[PDB]
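Report on the structure given below.
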Amino acid sequence: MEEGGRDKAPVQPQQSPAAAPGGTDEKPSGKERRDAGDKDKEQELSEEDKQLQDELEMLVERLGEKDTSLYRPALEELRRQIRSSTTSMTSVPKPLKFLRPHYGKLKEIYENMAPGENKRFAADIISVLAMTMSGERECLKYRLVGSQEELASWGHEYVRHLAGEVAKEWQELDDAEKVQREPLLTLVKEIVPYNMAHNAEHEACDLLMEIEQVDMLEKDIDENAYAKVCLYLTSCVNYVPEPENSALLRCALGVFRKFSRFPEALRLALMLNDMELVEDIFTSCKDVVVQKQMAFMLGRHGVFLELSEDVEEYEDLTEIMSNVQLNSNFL
Amino acid sequence: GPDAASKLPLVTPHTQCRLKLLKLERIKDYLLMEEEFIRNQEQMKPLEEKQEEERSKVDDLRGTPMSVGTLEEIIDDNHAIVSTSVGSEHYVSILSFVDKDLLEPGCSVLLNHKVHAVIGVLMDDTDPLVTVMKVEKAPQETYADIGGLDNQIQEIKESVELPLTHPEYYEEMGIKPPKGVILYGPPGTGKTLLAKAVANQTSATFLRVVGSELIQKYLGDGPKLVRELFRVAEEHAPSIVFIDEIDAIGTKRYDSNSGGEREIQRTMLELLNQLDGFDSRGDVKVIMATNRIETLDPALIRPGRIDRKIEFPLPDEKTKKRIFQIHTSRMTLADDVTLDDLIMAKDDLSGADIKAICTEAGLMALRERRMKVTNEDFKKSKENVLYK
Ligand SMILES: Nc1ncnc2c1ncn2[C@@H]1O[C@H](COP(=O)(O)OP(=O)(O)OP(=O)(O)O)[C@@H](O)[C@H]1O
Ligand SMILES: [Mg+2]
């Protein structure tokens with residue numbers, strides 16, 4: 001409500017923005033020219049956070065709360081030019097002016113249209129532009145719809161394309177500890193169709209970088225502990241970690257083989273067609289990995305013995321494995 | 001024992017990671033079932049209230065005139081022998097209401113006044129010895145204030161302060177930190193200054209004892225205080241014990257010493273054990289300061305007892321100027337005294353002499369009700385301090 005020292009700056013350039021209500025008549029061409037040139041220079045002084053408090057931001061915060069509530073649906077007309085400018089000012093006041101319990105009626109304000117190419121605007125910023133608000137909104141509205149009205153129009157499937165885009169850029173934004181931020185959003189959404197959502201997320205992330213996928217597996221261990229009371233996510237939840245660690249990733253497969261044991265260790269349909277896939281990891285940790293899985297070891301020789309040619313030695317190797325190398329070496 | 005706070009200091013996420021949320025909600029469900037779990041059973045079984053009924057019955061079992069006595073021995077559980085108020089010993093019966101854990105052989109016991117038995121332990125009053133050496137906080141001397149000594153501040157930092165702030169370094173190379181530090185130099189070099197500097201930026205109970213109080217009046221009340229000194233240090237978690245003027249345990253003779261030198265030696269033989277004996281050590285670091293490192297038994301300084309020996313020399317000329325600047329920082333000089341001219345007043349000034357000059361300078365300005373020291377004040381200050 002007051003300014004000091006730099007009072008001259010916020011006086012002259014503000015009359016035109018305040019003259020918009022009175023400039024819409026008798027000056028059809030004046031408004032368009034000014035807007036085009038102002039856009040280019042605005043970004044230069046905004047990307048720098050050299051001022052702790054934003055003087056310009058607070059000026060519009062007041063009239064924007066009530067003016068936008070009824071003005072947005074006043075026209076309800078789709079225009080090529082107006083839409084681009086209108087979406088610009090919606091995101092700016094969301095963090096502060098909008099209170100926490102306000103996204104219930106916000107479905108129709110953002111789902112209808114996208115903010116053009118905000119992807120470039122979401123890359124320079126780290127975690128304060130829209131990451132906090134975007135995730136929270138979908139955690140409530142979606143759940144109620146699926147309780148009794150899971151069948152809806154094509155709008156539900158549109159958001160699927162949105163999810164894949166975000167994950168492709170967050171990981172490499174800083175390579176810092178913020179990389180683990182992405183998994184949180186995907187957990188809440190698509191409780192039942194979790195596998196389909198995860199398939200797209202890991203399809204592109206793995207290819208971009210090779211070794212930066214190991215850290216992701218760590219967050220999966222603790223996630224499964226806080227499971228649901230109902231016995232419905234005890235099998236689906238355990239299948240997601242497998243495809244990522246396949247040939248699409250590093251061929252170590254040390255953790256891949258262990259991942260098969262989670263689904264109650266149904267050995268008849270997890271690794272029964274897995275040992276012979278490589279045929280060149282005999283000396284690797286493949287043998288050691290199974291040595292900690294005493295659940296279906298009795299049936300191991302049922303198929304291995306019949307081979308008689310996949311291994312250079314097939315009879316002597318099994319004999320010296322049970323306890324020959326355990327007690328003798330220590331003593 | 002148990003800590004009231006810090007229920008689960010799992011700040012590893014250190015962010016908005018959802019892992020923080022899952023654990024918190026877990027307690028909420030457990031709390032909900034407990035609510036109706038207690039009150040429900042508290043109606044059809046109105047035997048014990050647990051809030052007013054529980055305390056009430058025990059009080060009646062107790063006595064209005066609760067007694068205070070010393071537990072003398074621990075006979076089989078539920079039974080003990082407690083010394084009465086004056087001189088009698090009773091084969092009392094221990095009641096289960098007591099924690100049955102704090103029953104150390106000789107601390108304290110509350111007994112019923114008619115059927116004497118164990119009713120409850122009593123916390124022991126802070127012994128006056130602990131308060132005597134329990135330095136709270138170094139008043140003003142900081143660690144950049146010391147000035148001058150630079151290569152000698154790293155040794156003390158690296159022996160009594162690093163292993164407590166960054167243990168990883170003596171955690172990955174498997175090397176135990178140097179046991180102790182002994183400071184030796186001419187009279188007045190910052191030996192105690194560095195000693196109290198470490199007390200400033202430290203997170204451990206600092207204890208200080210001068211070598212002169214280690215020599216006492218009655219025989220045997222010698223190497224018994226040394227046992228008490230290291231008994232308090234162990235009881236108080238990490239702690240740095242500072243022995244100042246160690247060269248007073250056989251350098252100065254006092255008539256109060258019933259036994260002569262022969263008694264003082266046994267104090268050293270007990271101090272030798274307390275630094276490296278076949279008992280466990282724990283976490284206690286000894287800093288010894290002296291002005292004559294050649295007048296003490298060369299076994300107290302044996303590696304293992306005290307490992308790092310730090311030598312304090314008389315200030316260098318360059319360091320002499322720094323000493324004057326730090327001591328004269330908060331002084332409204334009269335832009336007529338030159339520090340460099342007073343740097344060379346005597347062949348070797350300890351540095352404690354420098355503060356003496358800068359302190360007697362003020363007293364020589366107070367006499368004239370003047371808040372600015374002139375060259376005359378310092379000139380007469382440099383003559384009244386290091387001359388007579
Ligand atoms: N190198 C120094 N740097 C800063 N102050 C010093 C230095 N040497 C001595 N002093 C000052 O000397 C004053 C009085 O002597 P001080 O307490 O330093 O003695 P000391 O060196 O520990 O000697 P001693 O072991 O004989 O007591 C202290 O308040 C301290 O500020
Ligand atoms: Mg001293």
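Ligands are numbered from 1 in the order shown, chains are lettered A, B, ... in the order of the structure tokens, and residues start at 1 in each chain.
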Show me which residues line ligand 2, defined as having an atom within 10 Å of a ligand atom where only C-alpha atoms and all ligand atoms count, and present them as number ranges by chain. B: 183-195, 210, 244-245, 289-291
For residue 152 of chain B, find every residue with an atom within 9 Å (counting only C-alpha atoms), except residues of its own chain fewer than 2 positions away, and show them as number ranges by chain. B: 149-150, 154-157, 310-312
Output N, CA and C atoms for every residue in the selection just made, as an mmCIF file, in the first residue's frame.
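File written: again29.cif
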```
data_model
loop_
_atom_site.group_PDB
_atom_site.id
_atom_site.type_symbol
_atom_site.label_atom_id
_atom_site.label_comp_id
_atom_site.auth_asym_id
_atom_site.auth_seq_id
_atom_site.Cartn_x
_atom_site.Cartn_y
_atom_site.Cartn_z
ATOM 1 N N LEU B 149 49.471 -18.177 18.026
ATOM 2 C CA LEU B 149 49.577 -19.622 17.880
ATOM 3 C C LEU B 149 48.601 -20.124 16.828
ATOM 4 N N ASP B 150 49.137 -20.653 15.733
ATOM 5 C CA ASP B 150 48.317 -21.215 14.669
ATOM 6 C C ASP B 150 48.569 -22.701 14.478
ATOM 7 N N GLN B 154 45.886 -26.398 15.905
ATOM 8 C CA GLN B 154 45.408 -27.547 15.148
ATOM 9 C C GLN B 154 45.542 -28.837 15.943
ATOM 10 N N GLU B 155 46.588 -28.960 16.760
ATOM 11 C CA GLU B 155 46.765 -30.174 17.550
ATOM 12 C C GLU B 155 45.631 -30.349 18.553
ATOM 13 N N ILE B 156 45.303 -29.290 19.295
ATOM 14 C CA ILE B 156 44.227 -29.393 20.273
ATOM 15 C C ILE B 156 42.892 -29.619 19.577
ATOM 16 N N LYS B 157 42.633 -28.890 18.491
ATOM 17 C CA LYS B 157 41.431 -29.146 17.708
ATOM 18 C C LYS B 157 41.346 -30.588 17.246
ATOM 19 N N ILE B 310 52.486 -30.604 22.957
ATOM 20 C CA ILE B 310 52.437 -29.351 22.215
ATOM 21 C C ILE B 310 53.329 -28.333 22.907
ATOM 22 N N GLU B 311 54.214 -27.705 22.140
ATOM 23 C CA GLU B 311 55.210 -26.786 22.671
ATOM 24 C C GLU B 311 54.806 -25.344 22.405
ATOM 25 N N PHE B 312 54.762 -24.547 23.469
ATOM 26 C CA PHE B 312 54.336 -23.149 23.397
ATOM 27 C C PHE B 312 55.538 -22.230 23.540
#
```
Taking a cut-off of 12 Å and counting only C-alpha atoms, can you build a table that, for each residue of chain B near chain A, reports the nearest atom pair and how far apart they are in Å (one decimal), sorted by chain then residue number, as a Markdown table?
```
| residue | atom | partner | partner_atom | distance |
| --- | --- | --- | --- | --- |
| B:12 | CA | A:177 | CA | 11.5 |
| B:13 | CA | A:177 | CA | 9.7 |
| B:14 | CA | A:177 | CA | 10.0 |
| B:15 | CA | A:178 | CA | 8.8 |
| B:16 | CA | A:181 | CA | 8.1 |
| B:17 | CA | A:181 | CA | 6.7 |
| B:18 | CA | A:184 | CA | 6.4 |
| B:19 | CA | A:223 | CA | 7.6 |
| B:20 | CA | A:222 | CA | 11.2 |
| B:21 | CA | A:226 | CA | 10.1 |
| B:22 | CA | A:226 | CA | 6.5 |
| B:23 | CA | A:226 | CA | 8.2 |
| B:24 | CA | A:226 | CA | 11.2 |
| B:25 | CA | A:226 | CA | 10.1 |
| B:26 | CA | A:226 | CA | 9.0 |
```
Could you save those same residues with N, CA and C atoms as a PDB file, in the first residue's frame?
```pdb
ATOM      1  N   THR B  12      15.987 -38.671   7.948  1.00  0.00           N
ATOM      2  CA  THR B  12      16.719 -39.034   6.738  1.00  0.00           C
ATOM      3  C   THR B  12      16.073 -38.500   5.465  1.00  0.00           C
ATOM      4  N   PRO B  13      14.749 -38.554   5.285  1.00  0.00           N
ATOM      5  CA  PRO B  13      14.169 -37.954   4.072  1.00  0.00           C
ATOM      6  C   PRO B  13      14.518 -36.486   3.917  1.00  0.00           C
ATOM      7  N   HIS B  14      14.528 -35.731   5.018  1.00  0.00           N
ATOM      8  CA  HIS B  14      14.938 -34.327   5.013  1.00  0.00           C
ATOM      9  C   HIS B  14      14.239 -33.531   3.914  1.00  0.00           C
ATOM     10  N   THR B  15      13.034 -33.944   3.543  1.00  0.00           N
ATOM     11  CA  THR B  15      12.303 -33.311   2.448  1.00  0.00           C
ATOM     12  C   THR B  15      10.840 -33.727   2.552  1.00  0.00           C
ATOM     13  N   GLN B  16      10.071 -33.414   1.510  1.00  0.00           N
ATOM     14  CA  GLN B  16       8.661 -33.765   1.425  1.00  0.00           C
ATOM     15  C   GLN B  16       8.439 -35.203   0.981  1.00  0.00           C
ATOM     16  N   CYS B  17       9.463 -36.048   1.076  1.00  0.00           N
ATOM     17  CA  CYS B  17       9.315 -37.449   0.710  1.00  0.00           C
ATOM     18  C   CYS B  17       8.161 -38.071   1.482  1.00  0.00           C
ATOM     19  N   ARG B  18       7.328 -38.836   0.776  1.00  0.00           N
ATOM     20  CA  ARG B  18       6.124 -39.383   1.387  1.00  0.00           C
ATOM     21  C   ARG B  18       6.434 -40.307   2.555  1.00  0.00           C
ATOM     22  N   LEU B  19       7.664 -40.823   2.641  1.00  0.00           N
ATOM     23  CA  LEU B  19       8.008 -41.754   3.713  1.00  0.00           C
ATOM     24  C   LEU B  19       7.713 -41.170   5.087  1.00  0.00           C
ATOM     25  N   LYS B  20       7.822 -39.849   5.233  1.00  0.00           N
ATOM     26  CA  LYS B  20       7.500 -39.219   6.508  1.00  0.00           C
ATOM     27  C   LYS B  20       6.041 -39.447   6.883  1.00  0.00           C
ATOM     28  N   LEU B  21       5.149 -39.452   5.890  1.00  0.00           N
ATOM     29  CA  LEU B  21       3.719 -39.512   6.175  1.00  0.00           C
ATOM     30  C   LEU B  21       3.290 -40.899   6.644  1.00  0.00           C
ATOM     31  N   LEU B  22       3.850 -41.957   6.053  1.00  0.00           N
ATOM     32  CA  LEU B  22       3.357 -43.302   6.337  1.00  0.00           C
ATOM     33  C   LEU B  22       3.513 -43.656   7.812  1.00  0.00           C
ATOM     34  N   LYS B  23       4.680 -43.366   8.392  1.00  0.00           N
ATOM     35  CA  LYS B  23       4.914 -43.738   9.783  1.00  0.00           C
ATOM     36  C   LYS B  23       3.977 -42.990  10.723  1.00  0.00           C
ATOM     37  N   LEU B  24       3.747 -41.700  10.463  1.00  0.00           N
ATOM     38  CA  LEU B  24       2.927 -40.899  11.368  1.00  0.00           C
ATOM     39  C   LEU B  24       1.515 -41.460  11.481  1.00  0.00           C
ATOM     40  N   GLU B  25       0.906 -41.819  10.350  1.00  0.00           N
ATOM     41  CA  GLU B  25      -0.450 -42.352  10.374  1.00  0.00           C
ATOM     42  C   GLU B  25      -0.538 -43.683  11.107  1.00  0.00           C
ATOM     43  N   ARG B  26       0.575 -44.412  11.220  1.00  0.00           N
ATOM     44  CA  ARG B  26       0.540 -45.715  11.873  1.00  0.00           C
ATOM     45  C   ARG B  26       0.140 -45.594  13.337  1.00  0.00           C
TER      46      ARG B  26
END
```
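Within segment 217-280 of chain B, residues classed as strand (DSSP E or B) by DSSP on backbone coordinates are residues 239, 240, 241, 242, 243 and 244 of chain B.
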Which residues are close to segment 253-260 of chain A, i.e. within 7 Å by only C-alpha atoms, leaving aside same-chain residues fewer than 3 positions away? Reply as a ChimeraX atom specification. /A:241-242,245-246,263,265,270,285,289
Quick one: write out the picked residues with N, CA, C and O atoms as a PDB file, in the first residue's frame?
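What ended up in part-v8.pdb:
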```pdb
ATOM      1  N   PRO A 241       8.622 -53.856 -10.234  1.00  0.00           N
ATOM      2  CA  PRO A 241      10.088 -53.703 -10.220  1.00  0.00           C
ATOM      3  C   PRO A 241      10.819 -54.602 -11.204  1.00  0.00           C
ATOM      4  O   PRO A 241      12.017 -54.388 -11.430  1.00  0.00           O
ATOM      5  N   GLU A 242      10.145 -55.596 -11.796  1.00  0.00           N
ATOM      6  CA  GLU A 242      10.858 -56.558 -12.637  1.00  0.00           C
ATOM      7  C   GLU A 242      11.293 -55.950 -13.965  1.00  0.00           C
ATOM      8  O   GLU A 242      12.501 -55.939 -14.259  1.00  0.00           O
ATOM      9  N   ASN A 245      14.713 -53.793 -14.486  1.00  0.00           N
ATOM     10  CA  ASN A 245      16.026 -54.404 -14.322  1.00  0.00           C
ATOM     11  C   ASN A 245      16.324 -55.474 -15.366  1.00  0.00           C
ATOM     12  O   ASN A 245      17.285 -56.232 -15.196  1.00  0.00           O
ATOM     13  N   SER A 246      15.535 -55.552 -16.433  1.00  0.00           N
ATOM     14  CA  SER A 246      15.744 -56.545 -17.477  1.00  0.00           C
ATOM     15  C   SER A 246      16.859 -56.078 -18.412  1.00  0.00           C
ATOM     16  O   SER A 246      17.615 -55.152 -18.108  1.00  0.00           O
ATOM     17  N   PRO A 263       6.421 -61.902  -4.990  1.00  0.00           N
ATOM     18  CA  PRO A 263       5.044 -62.386  -5.161  1.00  0.00           C
ATOM     19  C   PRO A 263       4.825 -63.763  -4.556  1.00  0.00           C
ATOM     20  O   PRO A 263       4.417 -64.697  -5.252  1.00  0.00           O
ATOM     21  N   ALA A 265       6.851 -65.880  -3.893  1.00  0.00           N
ATOM     22  CA  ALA A 265       7.829 -66.825  -4.428  1.00  0.00           C
ATOM     23  C   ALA A 265       7.141 -67.944  -5.213  1.00  0.00           C
ATOM     24  O   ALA A 265       7.280 -69.132  -4.915  1.00  0.00           O
ATOM     25  N   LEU A 270       7.958 -67.520 -12.438  1.00  0.00           N
ATOM     26  CA  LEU A 270       8.791 -66.325 -12.382  1.00  0.00           C
ATOM     27  C   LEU A 270      10.168 -66.531 -12.992  1.00  0.00           C
ATOM     28  O   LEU A 270      10.552 -65.789 -13.902  1.00  0.00           O
ATOM     29  N   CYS A 285      27.326 -63.726 -10.641  1.00  0.00           N
ATOM     30  CA  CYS A 285      26.585 -63.911  -9.398  1.00  0.00           C
ATOM     31  C   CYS A 285      25.263 -64.628  -9.601  1.00  0.00           C
ATOM     32  O   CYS A 285      24.472 -64.712  -8.652  1.00  0.00           O
ATOM     33  N   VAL A 289      23.184 -65.861  -6.504  1.00  0.00           N
ATOM     34  CA  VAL A 289      21.879 -65.261  -6.234  1.00  0.00           C
ATOM     35  C   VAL A 289      20.883 -66.327  -5.795  1.00  0.00           C
ATOM     36  O   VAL A 289      20.133 -66.143  -4.829  1.00  0.00           O
TER      37      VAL A 289
END
```
Got a sec to tell me which of segment 102-236 of chain B DSSP assigns to helix (DSSP H, G or I), as number ranges by chain? B: 128-132, 153-165, 169-172, 191-200, 225-235
Excluding segment 136-138 of chain A and its own-chain neighbours fewer than 3 positions away, which residues fall within 9 Å of it when counting only C-alpha atoms? Please give them as a PyMOL selection string. chain A and resi 103-104+106-107+131-133+141-143+185+188-189
One decimal, in Å: what's the spacing between atom CA of residue 263 of chain B and atom CA of residue 220 of chain B? 8.2 Å
Who sits within 10 Å of residue 345 of chain B, only C-alpha atoms, same chain under 2 positions skipped, as a short mmCIF file (atom, residue, chain, number, x, y, z; two decimals) with N, CA, C and O atoms, in the first residue's frame:
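Produced file result_23.cif, reproduced below:
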```cif
data_model
loop_
_atom_site.label_atom_id
_atom_site.label_comp_id
_atom_site.auth_asym_id
_atom_site.auth_seq_id
_atom_site.Cartn_x
_atom_site.Cartn_y
_atom_site.Cartn_z
N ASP B 341 55.91 0.52 18.00
CA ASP B 341 56.99 1.02 18.84
C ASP B 341 57.07 0.26 20.16
O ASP B 341 58.17 0.07 20.70
N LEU B 342 55.93 -0.19 20.69
CA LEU B 342 55.92 -0.92 21.94
C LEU B 342 56.14 -2.42 21.76
O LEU B 342 56.32 -3.12 22.76
N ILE B 343 56.14 -2.91 20.53
CA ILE B 343 56.38 -4.33 20.31
C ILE B 343 57.74 -4.73 20.86
O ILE B 343 57.90 -5.82 21.43
N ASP B 347 63.38 -7.97 25.61
CA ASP B 347 63.84 -8.99 24.68
C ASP B 347 62.76 -10.02 24.41
O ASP B 347 62.50 -10.38 23.25
N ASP B 348 62.10 -10.51 25.46
CA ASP B 348 61.03 -11.49 25.32
C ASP B 348 59.90 -11.17 26.29
O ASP B 348 60.06 -11.23 27.51
N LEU B 349 58.77 -10.74 25.74
CA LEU B 349 57.57 -10.51 26.53
C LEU B 349 56.59 -11.65 26.30
O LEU B 349 56.31 -12.02 25.16
N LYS B 379 53.67 4.46 28.01
CA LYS B 379 55.07 4.53 28.40
C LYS B 379 55.23 4.28 29.90
O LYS B 379 56.13 3.55 30.31
N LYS B 382 54.17 0.56 30.42
CA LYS B 382 55.21 -0.41 30.08
C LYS B 382 56.35 -0.43 31.08
O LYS B 382 57.21 -1.31 30.99
N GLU B 383 56.38 0.51 32.02
CA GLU B 383 57.42 0.55 33.04
C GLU B 383 56.94 0.07 34.40
O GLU B 383 57.75 -0.41 35.19
N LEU B 386 56.48 -4.48 33.65
CA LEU B 386 57.61 -5.37 33.42
C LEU B 386 58.90 -4.79 33.99
O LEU B 386 60.00 -5.09 33.52
#
```
Could you pull the residues within 10 Å of residue 155 of chain A, counting only C-alpha atoms, minus those fewer than 4 positions along the same chain, as a ChimeraX atom specification? /A:111-112,159-160
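Compared by their closest atoms to ligand 1, and using only C-alpha atoms and all ligand atoms, the residues B:333, B:146, B:248, B:365 rank with B:146 nearest.
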Do you have the atom CA of residue 323 of chain B-atom CA of residue 136 of chain B distance handy? 26.7 Å
What separates atom CA of residue 8 of chain B and atom CA of residue 28 of chain B is a distance of 15.0 Å
Using only C-alpha atoms and all ligand atoms, which of B:223, B:139, B:282, B:277 sits nearest ligand 1?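 The answer is B:139, which sits nearest to ligand 1.
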All residues 10 Å or closer to residue 202 of chain A, only C-alpha atoms, same chain fewer than 5 positions away omitted, as an NGL selection string: :A and (164 or 167-168 or 197 or 207 or 213 or 243-244 or 248)
Restricting the calculation to only C-alpha atoms, which member of B:121, B:95, B:284, B:4 is positioned closest to residue 206 of chain B?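 Of the candidates, the smallest distance to residue 206 of chain B is held by B:284.
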